[PDB]
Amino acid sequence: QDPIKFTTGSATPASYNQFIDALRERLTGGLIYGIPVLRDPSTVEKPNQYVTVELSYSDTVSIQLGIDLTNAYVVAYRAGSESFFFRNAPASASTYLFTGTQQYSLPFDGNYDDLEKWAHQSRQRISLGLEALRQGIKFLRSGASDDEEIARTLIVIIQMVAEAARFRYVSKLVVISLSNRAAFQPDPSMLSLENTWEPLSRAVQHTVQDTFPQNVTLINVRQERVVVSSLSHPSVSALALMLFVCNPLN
């Protein structure tokens, strides 16, 4: 009934996973070859293109994120009576999200190049974990007008919520982190998955004779090139949610 929420104050491997599954379930438009797929963009009306998610720090401190149901991308966040949309956001985001708050534009887009650029730090150097997430929510709920820090914290949240929903690999890494009570940085395989979501989605959906039409290259911990070409390649299990590309039939 109510919008998907994550109570960080009592987070556990179990509550976090419950949070992610609910977000995946909410984002699932259908299934292709047994893999959940985002709703077909030319099927959703603008008033139903966004969903909200809440991240709370305490019973009185929390923020909400705005997410496009079409690509699982975070387009904005709300803090108190204010809301902030990525410079890259289309007219419809503020039109249907955060109505009722003073809305503002961020000087940077929601992509990693821009976020990394404004954070003066690439993903590989930004730590992830429960203590980072909670530090981030508290920072966004306040108003410290620091763009460098906002981009950095948003990079933390995007991967712990958005990528986590897209990849079973990311959510898994976040859980070992909670269990470990130890921060961690994305290894080259985590970035490989983030940077390859779209083509992987295209590969799967174009599968014929259990084979992708064009190979998809992934990079592992040792930075070795793992060239995938099969829908039944073990690495494909790292995918929890696909971007919609085409319905198979003909």
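Start at 1 with the first residue shown and count on from there.
Two stretches are in play, 164-172 and 92-100, and the higher mean C-alpha B-factor belongs to 92-100. With 140-148 and 73-81 compared on mean CA B-factor from the PDB entry, the stretch scoring higher is 140-148. Comparing the listed residues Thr28, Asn195, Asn48, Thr211, the entry records the largest Cα B-factor for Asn48. In the deposited entry, the Cα temperature factor of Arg202 sits in the middle third of values across the chain's modelled residues. The PDB entry assigns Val44 a C-alpha temperature factor belonging to the highest third of its chain's modelled residues. In the deposited entry, the Cα temperature factor of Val61 sits in the top third of values across the chain's modelled residues.
Residue-level temperature factors show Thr153 in the middle third of its chain, judged at the C-alpha atom. In the deposited entry, the Cα temperature factor of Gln159 places it in the lowest third of its chain's modelled residues.
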